[PDB]
Amino acid sequence: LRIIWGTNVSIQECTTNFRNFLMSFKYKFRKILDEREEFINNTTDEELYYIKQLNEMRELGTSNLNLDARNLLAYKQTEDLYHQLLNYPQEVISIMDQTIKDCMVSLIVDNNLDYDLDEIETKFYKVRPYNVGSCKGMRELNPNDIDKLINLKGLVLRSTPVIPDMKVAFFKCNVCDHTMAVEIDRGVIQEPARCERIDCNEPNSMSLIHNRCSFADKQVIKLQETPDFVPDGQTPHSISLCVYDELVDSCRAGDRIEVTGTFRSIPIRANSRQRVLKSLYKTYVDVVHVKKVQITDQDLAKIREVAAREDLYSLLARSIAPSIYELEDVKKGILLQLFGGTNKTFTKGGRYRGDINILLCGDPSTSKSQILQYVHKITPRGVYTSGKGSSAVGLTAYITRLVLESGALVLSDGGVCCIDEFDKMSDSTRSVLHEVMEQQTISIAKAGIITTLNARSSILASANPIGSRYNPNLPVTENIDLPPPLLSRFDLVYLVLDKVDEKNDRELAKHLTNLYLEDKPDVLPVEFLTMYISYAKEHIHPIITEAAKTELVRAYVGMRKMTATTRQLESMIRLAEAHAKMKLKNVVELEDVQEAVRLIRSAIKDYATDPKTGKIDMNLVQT
Amino acid sequence: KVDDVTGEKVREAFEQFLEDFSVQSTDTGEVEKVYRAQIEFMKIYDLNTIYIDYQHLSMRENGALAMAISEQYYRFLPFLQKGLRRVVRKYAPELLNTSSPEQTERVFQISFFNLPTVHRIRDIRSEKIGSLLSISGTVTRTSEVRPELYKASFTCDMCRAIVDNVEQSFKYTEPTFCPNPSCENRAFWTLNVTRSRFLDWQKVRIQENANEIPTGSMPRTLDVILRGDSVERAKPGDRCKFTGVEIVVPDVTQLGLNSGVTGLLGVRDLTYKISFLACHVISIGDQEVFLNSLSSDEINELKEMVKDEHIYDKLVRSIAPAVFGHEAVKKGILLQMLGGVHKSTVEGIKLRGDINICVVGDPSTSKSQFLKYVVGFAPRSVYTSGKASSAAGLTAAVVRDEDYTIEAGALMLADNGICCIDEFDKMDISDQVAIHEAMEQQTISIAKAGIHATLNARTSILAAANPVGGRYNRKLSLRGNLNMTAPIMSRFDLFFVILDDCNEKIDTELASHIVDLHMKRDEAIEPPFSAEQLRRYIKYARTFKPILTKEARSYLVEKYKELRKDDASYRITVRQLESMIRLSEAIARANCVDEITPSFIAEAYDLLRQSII
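In order, the protein sequences belong to chains 4 and 6.
Residues 177 to 469, 500 to 607, 614 to 733, 740 to 780, 792 to 852 in the deposited numbering are what the first sequence lists, from first letter to last.
Residues 102 to 200, 255 to 412, 434 to 440, 443 to 463, 500 to 616, 620 to 785, 792 to 836 in the deposited numbering are what the second sequence lists, from first letter to last.
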């Protein structure tokens with residue numbers, strides 16, 4: 177038999193265990209390993225999971241086949257093979273790739289569906305085990321763990337450009353015009369000492385030609401250690417993850433990705449020309465699988511029922527921060543911002559941007575930043591920042607030599629942005645934010661490097677009052693202390709002030725004391747509400763209608779009677806489109822525009838605000 | 102020596118395609134052996150390059166030739182050149198030679268255009284190397300034309316034996332053995348420039364379109380090699396489509412002249451750098503001469519518009535169709551785009567022919583929208599936001615090139634055209650003073666890094682700004698509302714004032730216009746003239762050079778006296800008179816009148832008085 181070196185386990189036996197997993201292993205085995213028999217379905221269980229997966233790979237036309245170490249453990253012989261893989265991940269992965277190819281050929285013949293066995297041979301099946309082990313940081317990874325299968329979660333610090341890889345060397349003889357191809361094993365090309373052609377009779381006549389040499393796609397992605405894995409006292413250590421073929425560019429940089437792989441250690445040459453290599457070995461992880469960290503039909507039905515409920519707007523507001531008290535209007539504005547307005551692009555007038563930015567000002571103990579962290583959790587992509595920690599250059603763009617790097621707002625783009633101590637945030641940073649928010653995109657010019665980075669990020673800001681506690685005598689805008697251009701740029705302005713009464717104090721103290729009374733203590743689940751916002755954006759594309767247009771023109775003229794920025798009217802339209810997404814209405818309606826204007830009026834306590842100078846009586850706040 | 106049967110078949114097929122393409126699309130469906138007739142034309146001009154549409158190859162041989170070319174261009178290129186040489190020897194033997256000194260064989264270039272698919276620089280892959288491909292992108296830079304050693308001739312010092320036209324790899328190469336069998340020399344090879352043949356060489360760096368990037372990320376850059384006629388066939392900063400074979404560049408140091437191949443190099447590793455070779459380059463980015507450049511229908515449309523007596527008002531209305539109101543700003547933009555005749559005194563003082571304006575107004579007035587429309591309309595124009603910009607970098611750039622060199626500035630992108638400036642108030646007053654320093658005198662120059670360089674800096678300037686306090690203050694003087702140099706304000710032709718109108722009718726009209734725009738996209742706008750037609754009219758007017766009349770000069774005298782009376792000081796000056804002359808020339812251009820008129824001078828004085836406010 178053929179045995180992997182040092183394992184005393186046959187490579188044929190590993191392939192046979194993988195074949196028993198691919199066929200003659202029921203999905204019932206994986207479901208039983210998962211237990212939860214009430215959750216498992218008997219018919220899909222009786223069907224063979226890996227047989228269905230190989231047939232699905234044939235239907236896709238792709239050689240790659242996702243692998244589950246849990247399913248490998250579910251099958252008994254495949255569990256033994258998975259332990260052998262944990263010992264020798266690369267060898268067992270090659271064995272499983274060959275087994276997947278052979279099982280695909282056998283499955284094509286068995287199903288009798290049209291397919292080419294030669295096409296299956298040309299295809300190189302891929303085994304991508306996952307759930308082999310608990311996710312761990314790069315700092316947790318060890319040289320003993322090198323050459324052992326593991327599943328790792330990490331946030332991509334950056335993704336490197338695709339790196340050419342010498343899949344096979346090609347030798348072309350300059351003396352005799354001979355053509356040859358030499359496979360590259362272990363990353364080293366093989367060169368015959370004499371000419372491949374005996375008639376040439378020229379020693380070392382063969383010459384490698386790089387263009388003729390076969391190249392396989394390869395890439396690397398820097399991966400930061402997971403925030404839980406990182407030590408509390410120090411920033412996480414980062415190790416780049418090797419990737420190739422379909423795994424290359426599987427996940428974009430700046431988004432969390434879970435890549436199962438085998439850790440690798442390689443000697444580092446003391447000098448590139450010198451054969452000598454330092455006793456220390458550089459360490460990198462080669463990913464057997466790449467994964468992240500879209501609405502299911504049942505989730506979409508649940509979102510539809512929720513959106514049908516009239517209580518759902520306030521329900522999602524409360525669901526953003528279920529434990530928090532008395533900031534439901536700010537949470538509703540944040541939920542509208544998470545839904546976002548629809549974006550319209552035109553040849554003239556540029557492109558109206560649907561993304562909504564929300565500014566919130568609260569006196570200390572407003573729980574505004576607790577709600578902001580709640581919004582960061584609720585957002586599908588979360589960016590949280592402190593005003594003292596915020597920098598304008600970091601928010602817009604950085605340069606490394614000389615190539616531009618994504619700003620903090622650019623990384624926020626594609627998700628909601630959370631800002632704490634927004635009053636403490638620098639006015640210069642806010643001035644940088646003004647242009648980026650007005651354009652919904654960032655443009656940067658600098659010596660050497662000048663480029664524009666997308667900044668289409670919904671922005672949430674939690675701000676202190678300009679006074680240490682919010683002053684009713686102070687104007688609400690002054691208490692928020694936001695610059696007027698940034699306030700116009702923001703779609704929504706939120707004002708929250710504490711109101712004191714004996715019964716209200718009893719209620720607040722009772723809430724805090726109940727959370728304390730538990731030793732560990740209508741709201742949608744936060745993940746379900748993120749999915750609801752995603753489904754609202756996906757299946758709802760609100761646009762200005764006639765009724766919404768009557769409401770919008772009335773609101774614009776009335777706010778001009780009250792001065793109305795044209796951007797505020799666009800922000801009201803975006804909030805109206807956000808409300809239609811919150812209601813899962815395909816187009817903006819008069820009720821949506823009315824709710825958007827009502828949400829803006831309630832957010833800044835404009836109804837509470839006194840008619841003159843914009844100041845709000847404290848009793849008027851919180852009605 | 103072994104020979105590729107597929108290569109020889111491809112050479113025969115290419116010769117057959119060239120000699121008997123027999124498809125002529127000229128004036129009718131006809132047969133003229135258009136490739137052979139093009140060979141005859143290249144013989145008439147002694148040309149060395151041939152351009153072939155990829156669709157012609159796709160039609161020829163049922164696309165077998167096109168398929169072979171696309172699949173293995175790198176392999177069949179010598180065979181294609183041999184077939185072209187065979188067709189040349191058959192039809193134009195003079196073209197076969199370089200064509255008194257003995258004529259060497261002429262180099263033959265084959266260009267392929269109109270490829271079915273165009274890929275972004277990010278779309279390129281290592282697997283795509285070695286195959287013909289069309290790439291869409293913008294040329295960030297272009298290397299100087301160089302004589303790449305396509306063919307090398309060496310002489311052996313030991314026995315005086317000489318080699319000729321030796322092919323060279325990516326690194327410089329010498330003959331493996333002495334051509335003389337008796338001499339065993341493998342060194343002492345001395346090149347001869349005359350006997351060796353050098354092709355023109357130029358590397359043009361390219362990058363993906365910033366608009367093409369979805370997430371706004373940095374566009375992927377690709378090196379495009381231009382050789383022969385392809386050298387200087389494109390310009391830096393201009394979008395272009397390149398067609399040719401993708402290539403991989405080995406490390407010259409590893410050859411001896434990240435992971436790397438080894439064991440071939444020998445022990446040394448070899449890292450591969452991706453690149454592109456472009457067989458074909460295409461750029462995707500007097501009144502009588504302009505009329506000839508225009509098609510017959512375009513000439514007829516421009517003639518009708520010029521014949522219209524209301525052409526001036528129609529163009530002013532057509533400016534910024536989406537924008538409602540700001541008709542004075544529209545008229546100023548039209549006058550600036552039309553421009554004025556340059557003039558220089560016998561004493562040597564040179565006046566500026568281009569119009570320059572600065573706009574100050576409250577936010578949410580679509581001044582930035584006007585800047586965007588102007589940047590889109592004006593050829594050779596660049597738009598930028600003032601706050602996120604470098605003052606010196608906009609005017610000029612300097613960098614070291616592999620030695621100190623000079624890089625083109627942002628102002629040069631606006632040269633011979635309008636320059637739009639957004640967030641002008643947010644921009645540095647130092648940058649504003651620099652613009653004033655390079656506005657009337659122009660002539661941007663470099664004196665740093667030990668290298669002195671000159672720049673013409675001939676452009677029109679347009680600006681948008683927010684007045685002090687965030688809104689225009691009518692009580693506040695026109696000068697000082699936007700802090701800028703007084704001489705610069707004087708040299709500026711006009712200072713537009715934008716103020717919000719509380720009129721309910723105007724509010725309802727603007728609201729209805731914005732709502733109709735959002736509902737109906739471009740259909741809501743109804744400009745009197747199309748953008749392309751207005752651009753053609755602007756080009757024709759620029760070809761025209763208005764001349765001052767004697768009555769026009771008397772009217773200008775009276776108008777300057779009236780402006781001085783209005784000063785009765793800082794607001795009006797001889798610079799205001801110069802602005803009046805420039806606006807009169809622009810008005811004569813807009814009205815298509817050959818000469819300046821007293822009515823045109825009156826309109827110029829009215830615009831200046833509107834700036835006075």
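Virtual Cβ for every residue (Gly too), placed ideally from N, Cα, C.
- Among the CB atoms of chain 4, one or more fall inside 9 Å of the CB of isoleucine 731 (chain 6).
- In the three-state reduction of the DSSP assignment, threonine 438 (chain 4) falls in the strand class.
- Excluding the 5 residues flanking it on each side, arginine 681 (chain 4) has same chain C-beta neighbours closer than 6 Å at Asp569, in chain order.
- A distance below 6 Å between beta-carbons, with the five flanking residues on each side excluded, links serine 669 (chain 4) to the following residues of its chain, in chain order: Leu621, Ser624, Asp625 and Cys629.
- A direct Cα-Cα distance of roughly 19 Å separates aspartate 718 (chain 6) from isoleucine 835 (chain 6).
- Counting only the Cα atoms, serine 308 (chain 6) lies some 8 Å from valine 348 (chain 6).
- Per the Cβ contact rule, the segment 360-377 of chain 6 is in contact with the segment 275-283 of chain 6 (3 or more Cβ pairs under 8 Å).
- Annotated three-state conformation of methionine 342 (chain 4) is strand, per DSSP.
- When secondary structure is reduced to three states using DSSP, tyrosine 460 (chain 4) falls in the strand class.
- DSSP, read as helix, strand or coil, puts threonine 411 (chain 4) in coil.
- In this structure, the beta-carbon distance from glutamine 357 (chain 6) to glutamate 387 (chain 6) falls below 9 Å.
- From the listed residues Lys778 (chain 6), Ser662 (chain 6), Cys338 (chain 6) and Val437 (chain 6), the smallest Cα separation to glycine 363 (chain 4) is found for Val437 (chain 6).
- Residue burial annotation: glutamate 235 (chain 4) is exposed, with fewer than 16 other C-beta atoms found within 10 angstroms of its C-beta.
- Counting the other CB atoms within 10 Å of its CB gives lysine 692 (chain 6) a total below 16, which places it among the exposed residues.
- In this chain, the alpha helix (DSSP H) harbouring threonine 298 (chain 4) covers 293-298.
- Interface criterion met: the Cβ of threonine 725 (chain 6) is under 9 Å from a Cβ in chain 4.
- Taking the Cα of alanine 657 (chain 4) as reference, the smallest distance to any Cα among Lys665 (chain 6), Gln658 (chain 6), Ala655 (chain 6) and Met644 (chain 6) is reached at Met644 (chain 6).
- With a contact defined as Cβ atoms closer than 8 Å, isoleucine 526 (chain 4) and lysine 508 (chain 4) miss out at about 17 Å.
- A residue is called buried when at least 16 other Cβ atoms come within 10 angstroms of its Cβ; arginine 753 (chain 6) meets this threshold and is buried.
- Taking a C-beta distance under 9 Å as the contact criterion, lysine 252 (chain 4) and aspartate 221 (chain 4) do not qualify as a contact pair.
- The CB of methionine 342 (chain 4) comes closer than 7 Å to the CB of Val437 in chain 6, given here in chain order.
- Taken atom to atom, the span from the alpha-carbon of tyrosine 777 (chain 6) to that of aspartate 576 (chain 6) is near 30 Å.
- Contact of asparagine 434 (chain 6) with chain 4 by beta-carbon distance below 8 Å involves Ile339.
- The Cβ-Cβ distance between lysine 451 (chain 6) and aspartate 406 (chain 6) falls below 9 Å.
- Burial is judged here by how many other beta carbons sit within 10 angstroms of a residue's own beta carbon; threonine 641 (chain 4) has at least 16 and is buried.
- By the neighbour-count definition (other C-beta atoms within 10 Å, threshold 16), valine 106 (chain 6) is an exposed residue.
- Under DSSP, no beta-bridge partner is assigned to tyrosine 689 (chain 6).
- Not a single C-beta of chain 4 is nearer than 9 Å to the C-beta of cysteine 636 (chain 6).
- Close CB contacts of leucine 521 (chain 4) within its chain, under the 8 Å cut and outside five residues either way in sequence, are with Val512, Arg515, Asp740, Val741 and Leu742 (chain order).
- Remark: fewer than three beta-carbon pairs, one from each stretch, lie closer than 8 Å, so the segment 755-773 of chain 4 and the segment 690-709 of chain 6 are not flagged as touching.
- Distance from the CA atom of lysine 191 (chain 6) to the CA atom of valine 445 (chain 6), rounded to whole angstroms, is 50 Å.
- A direct Cα-Cα distance of roughly 27 Å separates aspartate 632 (chain 4) from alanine 754 (chain 4).
- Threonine 795 (chain 4): not part of any beta strand (DSSP E); member of the alpha helix (DSSP H) spanning 795-811, first to last residue.
- At least 9 Å separates the CB of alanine 651 (chain 6) from every CB of chain 4.
- Taking 9 Å as the threshold, the shortest C-beta distance from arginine 803 (chain 4) to chain 6 does not fall below it.
- Taken atom to atom, the span from the alpha-carbon of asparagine 716 (chain 4) to that of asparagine 691 (chain 4) is near 24 Å.
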